[PDB]
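Everything below concerns the one structure shown next.
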Amino acid sequence: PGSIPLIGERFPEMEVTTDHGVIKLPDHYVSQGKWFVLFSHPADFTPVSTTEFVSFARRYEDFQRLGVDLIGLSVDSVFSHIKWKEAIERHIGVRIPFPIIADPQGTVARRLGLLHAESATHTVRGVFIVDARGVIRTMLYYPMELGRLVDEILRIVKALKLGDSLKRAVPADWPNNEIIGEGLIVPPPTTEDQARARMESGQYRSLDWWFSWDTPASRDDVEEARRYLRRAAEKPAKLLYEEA
Amino acid sequence: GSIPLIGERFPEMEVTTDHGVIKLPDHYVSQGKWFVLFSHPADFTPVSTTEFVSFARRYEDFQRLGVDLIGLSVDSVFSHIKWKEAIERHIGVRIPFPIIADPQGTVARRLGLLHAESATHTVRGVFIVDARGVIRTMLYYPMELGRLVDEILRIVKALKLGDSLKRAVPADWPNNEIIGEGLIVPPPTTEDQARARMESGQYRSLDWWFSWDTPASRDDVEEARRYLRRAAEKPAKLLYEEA
Amino acid sequence: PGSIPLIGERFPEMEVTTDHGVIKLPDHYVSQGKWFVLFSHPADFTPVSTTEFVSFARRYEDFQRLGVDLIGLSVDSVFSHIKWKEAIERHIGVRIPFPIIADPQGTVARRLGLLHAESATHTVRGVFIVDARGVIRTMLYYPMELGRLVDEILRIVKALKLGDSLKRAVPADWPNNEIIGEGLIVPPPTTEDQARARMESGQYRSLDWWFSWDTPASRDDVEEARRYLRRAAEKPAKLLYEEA
Amino acid sequence: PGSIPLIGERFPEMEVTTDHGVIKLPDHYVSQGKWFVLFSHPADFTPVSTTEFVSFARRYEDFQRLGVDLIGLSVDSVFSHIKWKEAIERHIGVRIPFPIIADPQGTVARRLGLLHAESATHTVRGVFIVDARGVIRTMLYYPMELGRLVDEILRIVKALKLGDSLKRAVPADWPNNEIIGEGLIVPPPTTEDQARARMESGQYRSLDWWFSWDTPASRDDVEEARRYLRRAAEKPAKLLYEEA
Amino acid sequence: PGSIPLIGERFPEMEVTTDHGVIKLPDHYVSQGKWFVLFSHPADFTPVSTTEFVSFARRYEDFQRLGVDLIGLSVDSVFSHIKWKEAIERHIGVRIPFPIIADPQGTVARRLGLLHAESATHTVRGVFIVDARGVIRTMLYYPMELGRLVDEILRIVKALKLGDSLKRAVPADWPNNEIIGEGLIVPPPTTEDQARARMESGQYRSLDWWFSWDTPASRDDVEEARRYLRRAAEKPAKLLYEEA
Amino acid sequence: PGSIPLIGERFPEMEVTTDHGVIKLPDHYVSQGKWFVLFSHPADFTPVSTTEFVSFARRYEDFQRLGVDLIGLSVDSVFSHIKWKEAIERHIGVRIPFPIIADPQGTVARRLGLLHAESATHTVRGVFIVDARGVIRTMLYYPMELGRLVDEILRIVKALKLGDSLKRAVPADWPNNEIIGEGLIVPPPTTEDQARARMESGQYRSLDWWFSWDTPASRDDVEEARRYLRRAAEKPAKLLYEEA
Amino acid sequence: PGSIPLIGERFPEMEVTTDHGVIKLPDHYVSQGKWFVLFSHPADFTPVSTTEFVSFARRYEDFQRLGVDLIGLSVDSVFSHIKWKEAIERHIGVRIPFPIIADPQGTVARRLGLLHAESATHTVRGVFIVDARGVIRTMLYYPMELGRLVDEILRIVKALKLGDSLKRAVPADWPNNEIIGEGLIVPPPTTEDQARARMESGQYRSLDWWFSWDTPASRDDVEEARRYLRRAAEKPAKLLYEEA
Amino acid sequence: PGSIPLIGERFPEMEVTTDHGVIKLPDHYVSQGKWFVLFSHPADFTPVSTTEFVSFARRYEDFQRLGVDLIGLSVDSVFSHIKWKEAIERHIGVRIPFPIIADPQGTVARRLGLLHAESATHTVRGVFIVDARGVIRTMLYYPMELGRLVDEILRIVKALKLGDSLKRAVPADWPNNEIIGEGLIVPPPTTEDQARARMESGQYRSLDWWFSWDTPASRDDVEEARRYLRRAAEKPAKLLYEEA
């Protein structure tokens, strides 16, 4: 009962208007060798949405260091985007450095399947994680009533980039997996001959032919991922409403 | 591909699991239980195994929230029973919750779980469904990347809190950088509501569209923070060593 | 390309969300025995649109005396409507008392044919003048670059109400028609017998059997209409920008 | 409902028969560098229609000063057009200098959406304002019972040409706008960078980044537009029926 | 009902994934001059299916001597295939040397008509006997509750190759036919001249013009076929469950 | 390029003409509480088909003991059926007691999927084994060039009836299975709880939780089944062509 | 209804299997310069059909003298054709020299419209008389219960060949027509000029311009046709059943 | 490539205009318990057609004696039918007693498939032999160039009525069949038990179980059929053209 792009598909070709200008997706980011996180929010001048834009802004440098750009999306105009970003800088002291797509007829929202049953007129809290080839790698759909956990979006990109370069799969809760810790998983054998070569070789730690791992990520990569999760877990030292 | 949506009732279906034949969402609604239905590509795969052990380790935390767990893959019930035996034998962890067998992809196609990474194996989908049978949140992870299971606990804990207190939940709750453990009052949608909100003084406000208070118990806040602290902590002892 | 409601049709049935609440059109106004002017603008926080809201607001009591309610429309959210009305009040000192429809997916815009070729996403400056029976009586379509002449909307309603109560047609430029002045037109004969009776009768002033008129409008009726046009023609004594 | 041309589209390509000859629209006017106002009336030998033809003819030199040609339209024959113009000159003393399209099978009517629900057989009082590139700039739909305000058609053309010439938008009720008087509006910024540049420069008067204006119109341009409205507002010195 | 491949057609072109790798059918076997037996079973880790795989494995060299390769099929994954073959080796002491197709979405099952009314999700016990030209020669459909008689599959391929090589048909129950024993049948005359020539000839034994046979099969080919049926008929000396 | 009935479906309702008269399938046999074997052959007066009719006739009492009736089918007329059975009795000394369906337009053959690519005009050697409920239990498709092994048809019915009555599945090559001999298989557990109870009850011999069996068939049932395969494997004592 | 070929159409192109081999119609006879009679019968081993084959055989040399070949058709197999011709030779003492098409799936029957409502499975007694150019010249449909008069098929071919060679039409009951006897008819005039020329010439015997004839057939031609009818009319000397 | 009624179908229901009045087929004849022969001819005032009408007139009493009525058909008008019948009476001295269908738009001809490839406009020489139940029993299609043999139409009806009353089939060339003379055929047995009963009874003369006959037709019935064929074979005593 709702239509979408899929993991492992090219992000659909589209021209969009942002508060920074008109761009083509995913070409604008592919051309720069950047990943992008496209995320949507129901409407400008809404409180949970404001908390998410402030969370992304606080993490903006972390995204840049990973080679990731951010782009938001709502059904509001570019005039509402400029006005809202001014209200956030005025009342919270936080500049939002990244663009927001203006989608008033829902052209982009319907293309991406971002209109769910909680609202006929406002997008859900969608997330498209797109790599530098323009390929959708992960998609999340949060509802109106619940803000995202932005440190998990950082973990997903870091973990994908690590699995892509080291030719590994990434265990549950990496880098704090209960079985193998910061270990990364060797893709399982898919033939009788490969399963025997795996069991015979002694090259990797194994529970069995279908479960092998090693520890090829650098201490810095592991520490960088732990830092995202430690920030998610810690009560902030000071609240931005307190100082403004 | 096409899907169920947030705010829709979970599609009515009979499914075969390794515990028996059940109707969804009827089977969980009748127990007054939320359920998390999650998919994995194939039995006897390593990332999938890590996620089943992560879910099993959090089984009581899910029971504490009134949440039942149900897995899904295209493998048979026979493969499910044999795989759960190998996990118990090689890792020392029992998997208590059922797994759907979906060999022709009937359930996979109905739920939109076949993406472009594999023609034959489901992605790592997550449907978070409340005790009314309504889809509240959906997550799609790929083959190469295991889920963060403590975020699934935080989503349920925060949705139940929101429903219980008529509040919305800020980014990164209960560690929001603006309001901390604060919860948000839904914004006014009329000129009259906007005037009443600003004349009131019941809430902390940045402006008429951004009001919050602190109505969650200490217990609610610390239980949600405990999930994230567990996600962030280096394990004390790796299960591969003490199997 | 692109359909519309037509003159003489019932305004299409629809539920709409405004910054005052949810209403049904045209029922909400029909039930009250009121006319309504539904007008659209491209986007909140745009300057020509701002001048038109301020113009309607200044004319609000003139519309109320005619038994006409006002309702605006754009594809912005209710949050943008509330914010924009606050901005007008703060910067110009003018309260906008009438509701604005929020149409974020363009459902209403598409139903009313308000998406023209100057913008794929923002409505033209459309005007629907709807009588207390819910019937569309007149429609205007102004472009993004040109503000409306709001006094002509008052002249249209006043002249329609006069024509309906007195069973007359209204000449060009009424009440300053260069042939008959404040005169109103008797509908022309449509049969041979009617045309003979019309000319054998001393009831009306006539140029010929097809052009008859009289002067049945009250002095008050005529002065009311002349005041709208005199307001349109006179430089305002003081500009609201000055008083800031 | 019923389909139409839209603001911002090229006027639909068509050959039409007039009481002056066969012409191609919009080509015939485009090749002269002329705007045209194409207007429709229900039927020849009808009195409101006659008042409107006389109104247009009296303002013929005003339209010529703006580089605007006039063309009428009804479902009557070229023969009825010639007889009706003859009758207006004989009984009222006014020559109609401009052509009228003859549309007996409603070919042009249907193409332009001029058949509304008040009459299955006679066009509404439609108005298409078309610039010298052949583009539709404004459309008005008046009913059978109500004559148009022809001085508003002059104000629309004068304002659009000024807007085009000086790269400005025109406020409500120009040149008597209650906020900025005869001032013209600078199109609002559409990007964060444009919004900052606008407010950092002292180049324009501004309420805020989204509302900037200046006064680039000549006193001649302003007073010619005010003259149209002053004429609409004035009690006629002498009624043409008294000069019959 | 439900659709199928037919005797005398080429086996449908398809790429399939096995626990030995990705192959094209029937090309992978045609290119080798090999016959193949493609057989399906409902699910890995099921007992009748296990008895069938061990029966085929025990006859593997008998198939190899005939120039026939074996390939299984079920809707289980390649991982389950490797795990199940390991379990059969561990618990029964029998290695399954031949590949199994993994068909988890039932793409191959549907193409081959292997989903019957006993199970919506698991294939019947289907058997396709395909010659070295890639042509389907024989098809068997056993149900979930009944294991195949694997020696009949050997007799079929043995008898078809003899019939192909010697240009003969094969009587019921060959090589123990109750009328002609190990005799092979000369295809019957299809014209009046062939029927007379056959009866005039004395070249063959005949009951009548439509029933002629001779004994051209080698003693070795007859003894091989009688050995398959002797093996089917005899109670094994030792049961593999006791040996494990 | 062909559809069939499926295993587990009721045999399709049909009226058929035979050389014993008109009968309804499957009702004619269901009403008697009888299984039937419907088998087809390409044409009357053909030699392989004659050998199969003689094999079935010799095994007629064995079918009767199983409560199985036999019914043939070809595209030939009832007249040809009568003449061919007369020819078999005169030249071979074997009376055919069971009916043959006459199917000259291929109505029955098309309904049962019995026209394959080897002949456009003659059926393949199909077999439908139908139980006393009218349900299709097994289907076999042999080609023009290869006679059936009729004793395997007896073994299938015997094993199916045993599996039905004892609630058991039947291993490969039963009653001579190489793992469990004349053992019959307990359907495997389909739940974690059923699996544990199986492993803990000690009620059955097991290789693992998914492979349990016992030996509940009578010595008579086992030896009766074995006798069919012993007959298939025996060099005939004397060939019917000698004693024609 | 049901669909046939038509008089004056080429006999439909088709490959047919006879008890003499595989031939293309009509080419097999066109390339020899021969007419053919294709006739159908419901089923081999039927008594009316047997009388008609014996009648055709008696008249074989009569057909050969006209340059006409015979070809039969039924839905029975080639094997039944051969057995039936053998049974006719053995029991009646008559050899059938001409081929029969075998049509088991009714492919040819359906193409020629030979399946009528007396039988769903067996053809009617159809007759197609086809000339040396492959053109259908006459068609007869007799039913199951009624044998043909084969002497009328000889009269048709003789009369048609005389008509073609002498450029004449043939009267009713030729060569014993009541009005003109063995006379042949000149095609009638189709113009006023031709009608006047016909009546002025005195070339032909005429009743009126539309009925002219002459006597161009030879003694030998007329006697050959009269012999066919005398044979039809003669009570046989001996009955073939009596010498058996 | 042309559609017809079929043997064993009811004659299609239709109202037809004749030169005797408007009638319903087949009802007009069924209600009288009469058979009818409906026959077509290409055109009135054509010579072969004239000979056929005179032949049917000569045989009128013989058809009446069989309870057969005659009805002609052509695409000519009733006025042509009346004129042509008058011309036949005056020039040939023969009164045509039976009606002719007037079918000027080919409505009847198209319904009965009487338009073949020799003429787009004129019907072939069709014959429908219809029994007193309205059922089509035999159909003949002769071409434009060839008159019918009308004595064979009498033989067909006589033999069909004898078959119907005696429950027999009628041999080739009856009543002068070369095997059984004036004998009639017992329909063959269609079951094994009927075949054995037929052979055992000694009730009928038989060649084999499938060919039995007896002599149940009266002396009068046989002599009446023989008279038709003797007439067909007789050289006319005198020619009608001569005595005219």
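In the structure tokens, the first chain shown is A, the next is B, and so on; residue numbers restart at 1 for each chain, and ligands run from 1 in the order shown.
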As a short mmCIF file (atom, residue, chain, number, x, y, z; two decimals) with N, CA and C atoms, in the first residue's frame, please: every residue in stretch 1-30 of chain B that a backbone DSSP assignment puts in strand (DSSP E or B).
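Output below, filename part22.cif:
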```cif
data_model
loop_
_atom_site.label_atom_id
_atom_site.label_comp_id
_atom_site.auth_asym_id
_atom_site.auth_seq_id
_atom_site.Cartn_x
_atom_site.Cartn_y
_atom_site.Cartn_z
N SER B 2 6.78 -2.15 -3.19
CA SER B 2 5.61 -1.61 -2.45
C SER B 2 5.56 -2.17 -1.02
N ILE B 3 5.05 -1.39 -0.05
CA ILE B 3 5.12 -1.72 1.40
C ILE B 3 3.83 -1.38 2.15
N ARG B 9 -2.65 -0.56 9.91
CA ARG B 9 -2.72 -1.88 10.55
C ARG B 9 -1.76 -2.81 9.77
N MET B 13 -2.47 -11.80 7.85
CA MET B 13 -1.82 -12.97 7.19
C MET B 13 -1.67 -14.11 8.18
N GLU B 14 -1.76 -15.33 7.68
CA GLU B 14 -1.41 -16.54 8.45
C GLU B 14 0.06 -16.83 8.13
N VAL B 15 0.89 -17.12 9.10
CA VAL B 15 2.32 -17.45 8.82
C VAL B 15 2.65 -18.74 9.54
N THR B 16 3.53 -19.54 8.94
CA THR B 16 4.14 -20.70 9.59
C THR B 16 5.42 -20.29 10.28
N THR B 17 5.54 -20.57 11.57
CA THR B 17 6.79 -20.38 12.34
C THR B 17 7.27 -21.71 12.89
N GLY B 20 4.76 -22.86 15.43
CA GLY B 20 3.39 -23.19 15.00
C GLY B 20 2.91 -22.19 14.01
N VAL B 21 1.65 -22.31 13.61
CA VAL B 21 0.95 -21.48 12.60
C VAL B 21 0.24 -20.38 13.41
N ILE B 22 0.44 -19.12 13.06
CA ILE B 22 -0.23 -18.01 13.81
C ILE B 22 -0.79 -17.01 12.82
N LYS B 23 -1.81 -16.24 13.22
CA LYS B 23 -2.31 -15.11 12.41
C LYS B 23 -1.60 -13.83 12.92
N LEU B 24 -1.11 -12.97 12.02
CA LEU B 24 -0.54 -11.64 12.38
C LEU B 24 -1.53 -10.60 11.90
#
```
Contact residues around residue C:236 with only C-alpha atoms at 10 Å, ignoring same-chain residues under 4 positions, as a list in words: residues 231, 232 and 240 of chain C; 175, 176, 177, 178, 179, 180 and 181 of chain D
Selection export as a PDB file, in the first residue's frame, atoms kept: C-alpha atoms:
```pdb
ATOM      1  CA  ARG C 231     -10.711  54.357  -2.865  1.00  0.00           C
ATOM      2  CA  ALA C 232      -8.978  52.429  -5.763  1.00  0.00           C
ATOM      3  CA  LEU C 240       1.962  51.869   6.523  1.00  0.00           C
TER       4      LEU C 240
ATOM      5  CA  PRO D 175      -0.155  52.627  -7.846  1.00  0.00           C
ATOM      6  CA  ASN D 176      -2.213  53.342  -4.670  1.00  0.00           C
ATOM      7  CA  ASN D 177      -0.770  50.508  -2.513  1.00  0.00           C
ATOM      8  CA  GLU D 178      -1.437  51.167   1.205  1.00  0.00           C
ATOM      9  CA  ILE D 179       2.039  49.903   2.358  1.00  0.00           C
ATOM     10  CA  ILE D 180       4.409  51.259  -0.362  1.00  0.00           C
ATOM     11  CA  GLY D 181       2.157  53.548  -2.550  1.00  0.00           C
TER      12      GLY D 181
END
```
Contacts of stretch 96-106 of chain B within 8 Å, only C-alpha atoms, excl. fewer than 2 positions in-chain, as number ranges by chain: B: 15-19, 56, 68-77, 80, 94, 108-110; E: 75-76, 104-106, 121-122
Expected answer as number ranges by chain: helix (DSSP H, G or I) residues in stretch 67-238 of chain D: D: 78-92, 107-112, 150-166, 192-200, 219-233
Prev. selection, C-alpha atoms, output as a compact mmCIF listing (two decimals), in the first residue's frame:
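Saved the output as again00.txt:
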```txt
# COMPACT_ATOMS: atom_id res chain seq x y z
CA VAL D 78 -19.32 37.91 -39.51
CA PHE D 79 -22.65 39.20 -41.00
CA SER D 80 -24.17 39.75 -37.49
CA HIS D 81 -20.83 41.43 -36.42
CA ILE D 82 -21.08 43.93 -39.36
CA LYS D 83 -24.84 44.63 -38.66
CA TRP D 84 -24.26 45.05 -34.87
CA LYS D 85 -21.32 47.49 -35.35
CA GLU D 86 -23.54 49.42 -37.83
CA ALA D 87 -26.33 49.50 -35.16
CA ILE D 88 -23.95 50.73 -32.37
CA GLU D 89 -22.67 53.60 -34.66
CA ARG D 90 -26.31 54.53 -35.69
CA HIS D 91 -27.98 54.43 -32.19
CA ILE D 92 -24.99 55.43 -29.90
CA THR D 107 -14.53 25.81 -32.21
CA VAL D 108 -12.56 28.77 -30.69
CA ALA D 109 -14.93 28.86 -27.64
CA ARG D 110 -14.18 25.19 -26.78
CA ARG D 111 -10.41 25.55 -27.41
CA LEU D 112 -10.29 28.53 -24.98
CA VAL D 150 -12.24 48.01 -18.70
CA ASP D 151 -9.93 50.48 -16.83
CA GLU D 152 -8.69 47.45 -14.76
CA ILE D 153 -7.63 45.79 -18.09
CA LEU D 154 -5.57 48.97 -18.93
CA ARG D 155 -4.02 48.93 -15.36
CA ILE D 156 -3.11 45.22 -15.74
CA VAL D 157 -1.29 45.81 -19.06
CA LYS D 158 0.47 49.01 -17.88
CA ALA D 159 1.59 47.26 -14.63
CA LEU D 160 2.78 44.05 -16.41
CA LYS D 161 4.83 46.08 -18.98
CA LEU D 162 6.44 48.11 -16.11
CA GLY D 163 7.13 44.88 -14.17
CA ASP D 164 8.79 43.33 -17.29
CA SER D 165 10.75 46.54 -18.11
CA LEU D 166 12.07 47.31 -14.56
CA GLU D 192 20.20 31.65 2.11
CA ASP D 193 23.07 33.46 0.27
CA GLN D 194 20.59 35.75 -1.62
CA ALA D 195 18.70 36.50 1.70
CA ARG D 196 22.00 37.60 3.42
CA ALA D 197 23.24 39.71 0.41
CA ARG D 198 19.79 41.42 0.30
CA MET D 199 19.85 42.42 4.03
CA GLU D 200 23.64 43.34 4.21
CA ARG D 219 5.95 59.91 -12.59
CA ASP D 220 4.38 59.59 -16.10
CA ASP D 221 4.01 55.75 -15.62
CA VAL D 222 2.43 56.23 -12.16
CA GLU D 223 0.04 59.06 -13.15
CA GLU D 224 -1.08 57.22 -16.43
CA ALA D 225 -2.05 54.15 -14.27
CA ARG D 226 -3.77 56.37 -11.66
CA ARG D 227 -5.66 58.13 -14.53
CA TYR D 228 -7.29 54.79 -15.57
CA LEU D 229 -8.68 54.31 -12.04
CA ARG D 230 -9.72 58.03 -11.69
CA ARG D 231 -11.77 57.55 -14.96
CA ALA D 232 -13.37 54.32 -13.56
CA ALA D 233 -14.32 56.25 -10.39
```
Test item: residues at most 12 Å from residue B:89, only C-alpha atoms, excluding those fewer than 4 positions along its chain, as a ChimeraX atom specification: /A:207-208 /B:82-85,93-95,240,243
Which neighbours of stretch 45-47 of chain C fall inside 7 Å, counting only C-alpha atoms, when residues of the same chain fewer than 3 positions from it are skipped, and could you give them as a PDB file with C-alpha atoms, in the first residue's frame?
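Once everything was written out, this is result_33.pdb:
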```
ATOM      1  CA  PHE A  79      10.789  30.946   1.901  1.00  0.00           C
TER       2      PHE A  79
ATOM      3  CA  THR C  50       1.615  40.273   1.774  1.00  0.00           C
ATOM      4  CA  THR C  51       0.313  43.528   0.134  1.00  0.00           C
ATOM      5  CA  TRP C  84       3.395  34.764   8.399  1.00  0.00           C
TER       6      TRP C  84
ATOM      7  CA  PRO D 188      12.245  37.920  -2.941  1.00  0.00           C
ATOM      8  CA  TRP D 210      11.527  38.751   2.049  1.00  0.00           C
ATOM      9  CA  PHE D 211       9.929  42.243   1.429  1.00  0.00           C
TER      10      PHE D 211
END
```
